[PDB]
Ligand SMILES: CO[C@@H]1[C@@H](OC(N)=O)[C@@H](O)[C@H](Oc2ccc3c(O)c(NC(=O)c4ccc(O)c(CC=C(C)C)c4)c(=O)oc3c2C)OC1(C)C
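Next comes just one chain, in structure tokens: the form solved without this ligand.
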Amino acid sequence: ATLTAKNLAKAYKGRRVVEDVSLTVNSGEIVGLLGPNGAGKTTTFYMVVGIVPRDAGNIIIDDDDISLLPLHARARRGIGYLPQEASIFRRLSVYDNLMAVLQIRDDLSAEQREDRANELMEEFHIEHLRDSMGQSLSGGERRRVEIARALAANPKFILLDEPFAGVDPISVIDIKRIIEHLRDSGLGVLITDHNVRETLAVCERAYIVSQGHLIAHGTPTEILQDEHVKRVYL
């Protein structure tokens, strides 16, 4: 499957924070959208997911333009999303967090939803935290639960908005491996970060954004040697 954004634009009070942004992510690859804080990464994700109105542009899955589809319909079509900010239910256990999201799985019986929660806990290395309250978890643990929550909806594409934010250096290793596993499983992964080198290493290719504009695309080695990229990190 293919998810494409074309000519996305968004302004706040006239300030153009995303301008003429186009990108593609296909099943089975990890694609980066990388650039400094404020570059427009989250805003771009918002327009793809359906969280904020776009000022311009199109969202396309395969042959179908889904620009007019509400958030819930785009999700059904395969768009999954991990917010940058905390999204876990802090008062609820890991298990209850997962079961809450799994209630949207009308294709599964109640027992099958329970089965899926157990599978997800094992896959994300959080099954030992089944009954732990979200509030009690470390940043890294919470992030694993949040990614599991995103996956519970069975998406084709997963937009990870800074999955390493608030995660200790140690926990980052496992999350990277989980993300690599997602790609291996056939998910299309679009991942944001301000730490270019760290996240680039796990990308097959990446777009670099600066002040609302795409300035470069390529493999990690191409990006690290691109003068247009160097030019904004002087």
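In this text, residue numbers run from 1 along the sequence as written.
Mean C-alpha B-factor is higher over 154 to 162 than over the other stretch, the pair under comparison being 95 to 103 and 154 to 162.
The PDB entry records a higher mean C-alpha B factor for 62 to 70 than for its counterpart among 62 to 70 and 28 to 36. Comparing the C-alpha B-factors of 130, 76, 113, 125 in the entry, the top value falls on 76. Ranked against the other modelled residues of its chain, the C-alpha B-factor of residue 172 as given in the entry falls in the highest third. In this PDB entry, residue 54 carries a Cα temperature factor that places it within the highest third of its chain's modelled residues.
Per-chain ranking of the deposited C-alpha B factor places residue 183 in the middle third. Residue 41: CA B factor lies in the lowest third for its chain, per the PDB record. Ranked within its chain, residue 196 lands in the highest third, by CA B factor from the PDB record.
The protein also exists as the form solved in complex with this ligand; that form is not presented, and the subsequent description refers to it.
This ligand in the bound PDB entry is approached by residue 81, whose closest heavy atom lies within 4.5 angstroms of it. Mapping the unseen interface onto this chain, residue 110 falls outside it, with no heavy atom inside 4.5 Å of this ligand in the bound PDB entry. Taking the partner from elsewhere, residue 122 is found to have every heavy atom lying beyond 4.5 Å of this ligand in the bound PDB entry. Among residues of the shown chain, residue 87 is one whose heavy atoms approach this ligand to within 4.5 Å in the bound PDB entry. No residue in the set 61, 77 and 158 has a non-hydrogen atom no more than 4.5 Å from this ligand in the bound PDB entry.
The chain is drawn here without this ligand; in the bound PDB entry, the stretch among 195 to 203, 23 to 31, 64 to 72, 172 to 180 whose residues come within 4.5 Å of it by any heavy atom is 64 to 72.
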